[PDB]
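Read the numbers this way: they start at 1 and go in the same order the structure lists the ligands and their atoms. When a residue number appears, it is its place in the shown sequence, counting from 1. We use all heavy atoms of the structure for the numbers below, so side chains are in, but hydrogens, waters and symmetry mates are not.
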Amino acid sequence: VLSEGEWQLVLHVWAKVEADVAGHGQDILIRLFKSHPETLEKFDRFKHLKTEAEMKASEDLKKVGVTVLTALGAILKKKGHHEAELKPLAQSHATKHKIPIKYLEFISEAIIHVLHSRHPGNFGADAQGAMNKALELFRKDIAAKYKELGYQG
Ligand code: HEM
Ligand SMILES: O=N[O-]
Ligand SMILES: O=N[O-]
Ligand SMILES: O=N[O-]
Ligand SMILES: O=N[O-]
């Protein structure tokens, strides 16, 4: 369980994400696909993309990135009271997309990498620790949901 002070550090850096959600979404997905290329294979709509430049030029990739970061933002703004948000997300990611927990760990690492690079003023060690805690809580709750839903994860 996060303290209020930890949630404020999470939401302070998220506020900067929200200055340019589309840009942050491109950076984060690209980081994920570069660091863990296997994850790209889950995205039927752009698994053909071969280079970062092609990734950056993809309007569809940008849209997906906005969608992810917006749904995650909505979760973070719940400050752990996110059961309603997590239900449809867990269902689609378990059953339709088949996203293992390992892959959610990879995107968490990509989020942390991008925030560290872009937002050093709001992402010093304490802030990064808070974000990691919030993302770990997210993954823990999604994992519990996956198990309820019948998906190994
Ligand atoms: C912070 C973690 C994540 C969040 C909040 C998130 C959220 C979303 C949302 C809201 C959608 C659209 C509605 C839906 O289908 O549920 C979506 C679509 C999808 N997500 Fe995620 N997602 C996350 C992580 C991942 C990861 C790590 C992968 C793959 C490695 C993945 C694969 C997909 C795929 C394949 C789609 C369909 C994309 C398309 O429209 O072409 N997601 N995600
Ligand atoms: O300003 N929110 O994307
Ligand atoms: O589009 N889900 O990362
Ligand atoms: O459960 N939604 O694909
Ligand atoms: O993308 N992780 O450093």
Side-chain angles (χ1 to χ4, degrees), residues 2 6-7 9-50 52 54-119 122-123 127-128 130-153:
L2 279 74
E6 289 166 337
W7 282 122
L9 288 172
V10 169
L11 296 171
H12 202 238
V13 72
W14 211 258
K16 308 297 91 162
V17 172
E18 291 181 334
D20 183 11
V21 67
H24 287 80
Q26 294 172 121
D27 286 356
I28 287 162
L29 292 182
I30 293 175
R31 176 61 185 185
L32 171 70
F33 302 149
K34 284 175 42 188
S35 298
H36 307 279
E38 67 269 30
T39 65
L40 186 49
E41 299 179 40
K42 296 286 182 174
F43 291 80
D44 292 335
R45 285 205 306 156
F46 45 71
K47 59 180 187 217
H48 65 292
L49 295 176
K50 306 175 181 299
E52 169 169 11
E54 283 189 349
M55 289 174 190
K56 289 179 172 169
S58 174
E59 286 322 289
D60 284 346
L61 189 147
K62 184 157 57 48
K63 288 169 178 181
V64 168
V66 170
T67 294
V68 173
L69 295 194
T70 305
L72 178 59
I75 287 161
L76 295 173
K77 291 167 191 185
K78 296 287 171 139
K79 304 190 289 182
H81 297 97
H82 50 44
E83 199 193 352
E85 291 74 20
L86 258 46
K87 278 182 188 177
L89 180 63
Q91 185 184 42
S92 62
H93 287 52
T95 313
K96 185 166 147 73
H97 308 309
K98 309 253 199 197
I99 308 310
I101 297 303
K102 198 91 159 81
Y103 292 4
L104 298 185
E105 288 170 358
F106 296 157
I107 203 177
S108 294
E109 291 163 6
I111 288 158
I112 283 164
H113 174 90
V114 167
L115 294 182
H116 169 83
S117 174
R118 291 181 67 150
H119 299 296
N122 287 292
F123 211 73
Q128 180 174 327
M131 183 57 76
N132 172 63
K133 208 168 173 200
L135 298 177
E136 288 186 339
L137 177 67
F138 167 73
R139 295 191 311 270
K140 177 174 102 203
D141 291 345
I142 282 281
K145 276 282 181 213
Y146 274 7
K147 191 176 176 174
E148 296 170 18
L149 291 162
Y151 177 54
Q152 47 274 23

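Given atom 35 (C) of ligand 1, the protein heavy atom at minimum distance is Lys42 O, 3.2 Å. At the shortest separation from atom 1 (C) of ligand 1 among protein heavy atoms lies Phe138 CE2, 3.8 Å. Summary of contacts: the protein heavy atom closest to atom 37 (C) of ligand 1 is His97 CE1, 3.2 Å. Among all protein heavy atoms, the one lying closest to atom 26 (C) of ligand 1 is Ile99 CG2, 3.8 Å. Here the heavy atom of the protein found nearest to atom 11 (C) of ligand 1 is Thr67 CG2, 3.9 Å. The protein heavy-atom contact nearest to atom 7 (C) of ligand 1 is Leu89 CD1, 3.4 Å. At the top of the distance list for atom 14 (C) of ligand 1, counting protein heavy atoms only, stands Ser92 OG, 3.5 Å.
Residue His93 touches ligand 1 through its side chain alone, judged by heavy-atom distances below 4.0 Å.
In summary, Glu38 and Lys102 do not engage in a salt bridge, as defined by a charged side-chain N under 4.0 Å from a carboxylate O. A salt bridge links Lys145 with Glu83; the closest basic N to acidic carboxylate O contact falls under 4.0 Å. Comment: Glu136 does not engage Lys140 in a salt bridge, judged by the lack of any side-chain N to carboxylate O separation of less than 4.0 angstrom.
The aromatic rings of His93 and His97 sit perpendicular to each other, their planes meeting at more than 60°, with 30° as the lower class boundary. Between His119 and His24, the ring-plane angle classifies as parallel under the 30° and 60° cut-offs. Using the six-membered ring where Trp is involved, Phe106 and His36 have ring planes that are parallel, under 30° apart on the 30 and 60° scheme.
Compare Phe106, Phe46, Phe43, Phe33 by their heavy atoms: the one nearest to atom 33 (C) of ligand 1 is in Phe43. When the options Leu104, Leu72, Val68 are ranked by their closest heavy atom to atom 24 (C) of ligand 1, first place goes to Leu104.
Judged by distance alone, with hydrogens and angles left aside, the side-chain atoms of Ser58 form no donor-acceptor pair with the main-chain N or O of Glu54 at under 3.5 Å. A donor-acceptor distance shorter than 3.5 angstrom exists from the side chain of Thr70 to the backbone of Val66, with no hydrogens or angles considered.
Counting atoms of ligand 1 from 1 in the listed order, those under 4.0 Å from a heavy atom of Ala71 are 10 (C).
Applying side-chain contact (heavy atoms from CB on, under 4.5 Å) to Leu72 and the options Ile107, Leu89, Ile28, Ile111 leaves one that passes, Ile111.
Remark: atom 39 (C) of ligand 1 lies closer than 4.0 Å to at least one protein heavy atom.
Inclusion of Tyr103 in the set of residues having an N or O under 3.5 Å from an N or O of ligand 1 is not warranted.
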